[PDB]
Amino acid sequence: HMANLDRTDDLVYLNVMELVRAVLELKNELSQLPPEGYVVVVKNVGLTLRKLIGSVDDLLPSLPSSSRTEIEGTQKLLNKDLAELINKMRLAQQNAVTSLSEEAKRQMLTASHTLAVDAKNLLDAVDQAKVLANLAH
């Protein structure tokens, strides 16, 4: 009864794991990435977040009403996290050829990490909601 949930048709789960993987990709290849490629890894993280927000949006009407507002808040937290990452990416671009380059990239990594952690929190929230839905039914 404490076994992992069946993820076969679980779109939210798929998109959360894709987002975490995209963050891992950014983290892995940021050190060797040329300045013009900063927008590419960040847009890709953002693209995966867009799908996650979409998949949660579709699910929300079928989750218990008491679950929806906290899940909505976590969606807005992910948006705030992405805004922060974009900000750090811009700073990294502005300071490509200055002595602030390494610090800006360090802050990009930190912002991207926070986004992935908050994505996992959304997954937990959605999983809880689905369990509580099965209780009401």
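Note that residue numbering follows the sequence shown and begins at 1.
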On mean C-alpha B-factor from the PDB entry, just flag whether 97-105 or 34-42 is the higher one. 34-42
Going by the mean C-alpha B-factor recorded in the entry, which is higher: 75-83 or 59-67? 59-67
Name the residue from 111, 26, 91, 52 with the greatest C-alpha temperature factor listed in the entry. 91
Ranked C-alpha temperature factor of residue 9 among modelled chain residues, by third: highest
